[PDB]
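Form deposited in one PDB entry, single chain, as structure tokens, below.
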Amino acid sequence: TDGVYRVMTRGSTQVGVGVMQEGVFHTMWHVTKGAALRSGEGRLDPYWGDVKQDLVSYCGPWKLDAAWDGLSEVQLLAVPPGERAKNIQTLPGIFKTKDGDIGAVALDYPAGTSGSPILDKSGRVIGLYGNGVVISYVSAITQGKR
């Protein structure tokens, strides 16, 4: 079922967050390390993963393809451990790399928020939160390839 989900491990703790879209679950590799996930009485198995991109998809190929437009405010749909999903609006900064520019959000939430989606004004997922640098933490807007 489409939506944003907590990734829990078993006491129970929230290790991250992910996005269900088009029958595929999307999260950051470092959240699950590719482990299988229980969803009801079913099991979701990894289908594609890449440590360098820090991304993994379950049940099918990576489906999220929208990208930041470079000018507009975005929203982090943050799902922190123990807190209701909440939308945080921000203008991304930029990671300048030898292979091009990547949007980045200067927002610092608990580690279990990793995998939370960043959204454009149309509600499309432009990437996931939780792989970044310290300058105060700055997350890349990490998007995969469809």
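All residue numbers refer to positions in the sequence shown, first residue = 1.
Form solved in complex with a partner chain: not shown, discussed below.
- Using a 4.5 Å cutoff between non-hydrogen atoms, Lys63 does not count as a contact of the partner chain in the deposited bound form.
- In the deposited bound form, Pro81 stays away from the partner chain, with no heavy atom inside 4.5 Å.
- For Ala67, no non-hydrogen atom is located within 4.5 Å of the partner chain in the deposited bound form, even though that partner is not displayed.
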